[PDB]
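**Q** dropping in the first section of the assembly, placed as in the complex:
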Amino acid sequence: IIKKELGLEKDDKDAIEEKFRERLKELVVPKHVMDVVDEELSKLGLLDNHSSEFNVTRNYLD
């Protein structure tokens, strides 16, 4: 019921998370970088686009 009609929440969702996840799907990747990527992505969702920390996070994760 939360997701009925709201413009702001709909944007910035499943745009970079899924992109990076699919970018890593083809690679045999170690566990350490998995857990780092998962935590970083979880934060990235918790952060907003304007954030300088969000930008640094996106740069490092890319």
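**A** Cool, the structure landed. Residues are numbered from 1 along each chain as shown, chains lettered A, B, ... in the order given.
**Q** show me which helix runs longest in chain A.
**A** helix A:31-46 (DSSP state H).
**Q** now that helix: buried residues?
**A** Residues A:37, A:40-41, A:44 are the ones in helix A:31-46 that count as buried (16 or more other Cβ atoms under 10 Å). Placement of C-beta: from N, CA and C, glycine included.
**Q** please identify the helix or strand for residue A:9.
**A** Taking DSSP states H and E as the definition, residue A:9 sits inside helix A:7-10.
**Q** okay, that helix in PDB with CA atoms only?
**A** Written as PDB, here are the backbone C-alpha positions of helix A:7-10 (Å, rounded to 0.1, in the frame of the first residue of the first chain):
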ATOM      1  CA  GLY A   7       7.000  10.500  -7.800                       C
ATOM      2  CA  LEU A   8      10.000  11.000  -5.600                       C
ATOM      3  CA  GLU A   9      10.300   7.400  -4.200                       C
ATOM      4  CA  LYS A  10       9.900   5.800  -7.600                       C
END
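**Q** next one is chain B, place it on the structure:
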Amino acid sequence: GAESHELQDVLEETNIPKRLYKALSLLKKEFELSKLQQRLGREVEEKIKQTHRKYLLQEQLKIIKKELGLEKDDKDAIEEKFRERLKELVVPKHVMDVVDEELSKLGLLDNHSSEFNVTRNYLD
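**A** Next up, chain B placed on what we already have:
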């Protein structure tokens, strides 16, 4: 509501058919104007009703949020991650109070700055 010029034009018409056709033309033109004004007004009224309903939907989301939501639940991801990371460790009290002070300063600062990132780095 046709202007006085249209009425003068109708008066100028001699034949009953011609004058009646011009009068019916002016009636149709008035219908066009009234319907256009009404359509614009109704569309704008619907849009403003949706605008108010947008705050209404925000309120509904807020009440659902009260039933189950993020507010009333203070969060700090870095805090919790580091606390769980050090939980298993048999950690001295000095470093514990140092980490507590560092996290308090981290919360005291924005999430956007260079000193914030340096404090994060040292905490890591």
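**Q** the buried residues of helix A:31-46 again please, chain B included this time.
**A** When burial is assessed from 16 or more other Cβ atoms under 10 Å in any protein chain shown, helix A:31-46 yields the following buried residues: A:37, A:40-41, A:43-44.
**Q** what angle do helix B:77-87 and it make with each other?
**A** Interaxial angle of helix A:31-46 relative to helix B:77-87 (axes from the mean of the first three to the mean of the last three Cα atoms, to 10 degrees): 150 degrees.
**Q** before we move on, the earlier item: identify the farthest-apart pair in the buried residues of helix A:31-46.
**A** Of all pairs drawn from these, the one with the largest separation by Cβ to Cβ is A:37 and A:43; the distance is 10.8 Å.
**Q** overlap in contacts of those two?
**A** Common neighbours of residue A:37 and residue A:43 (criterion: Cβ atoms under 8 Å, 6 or more residues apart in numbering or on different chains): none identified.
**Q** follow-up on the earlier one: the helix holding residue A:9: what's the following helix or strand?
**A** The first helix or strand that comes after helix A:7-10 along the chain, using DSSP H and E, is helix A:17-25.
**Q** here is chain C, add it in:
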Amino acid sequence: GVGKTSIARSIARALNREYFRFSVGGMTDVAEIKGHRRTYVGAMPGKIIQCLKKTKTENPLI
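**A** Now chain C, sitting on the chains shown earlier:
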């Protein structure tokens, strides 16, 4: 003028592994190898990570 770099390229192409050169002469800034801290905005990683990104393999010919 003996062909050291040329034979390096020849080996890279014969072995099918990617190629990447690196100029260390007269260098003093270790950050070129170990990168920056990722903290200072615009900070870049070590040039070896850049080589890995470009060559797209873990068996290049650096």
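**Q** please look at the buried residues of helix A:31-46 again, because chain C has been put in.
**A** When burial is assessed from 16+ other Cβ under 10 Å, helix A:31-46 yields the following buried residues: A:37, A:40-41, A:43-44.
**Q** okay if I get those residues as JSON lines plus distance to chain C?
**A** Listed next are the buried residues of helix A:31-46 as JSON lines, based on distance: Cβ to the nearest Cβ, whole Å:
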{"residue": "A:37", "distance to chain C": "14"}
{"residue": "A:40", "distance to chain C": "11"}
{"residue": "A:41", "distance to chain C": "16"}
{"residue": "A:43", "distance to chain C": "14"}
{"residue": "A:44", "distance to chain C": "15"}
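**Q** from those residues, which is closest to residue C:22?
**A** Of all the buried residues of helix A:31-46, residue C:22 sits closest to residue A:37, with 27.5 Å by Cβ to Cβ.
**Q** would you mark the buried spots in stretch A:49-62?
**A** Going through stretch A:49-62 with 16+ other Cβ under 10 Å, the ones that come out buried are A:52-54, A:56-58, A:61.
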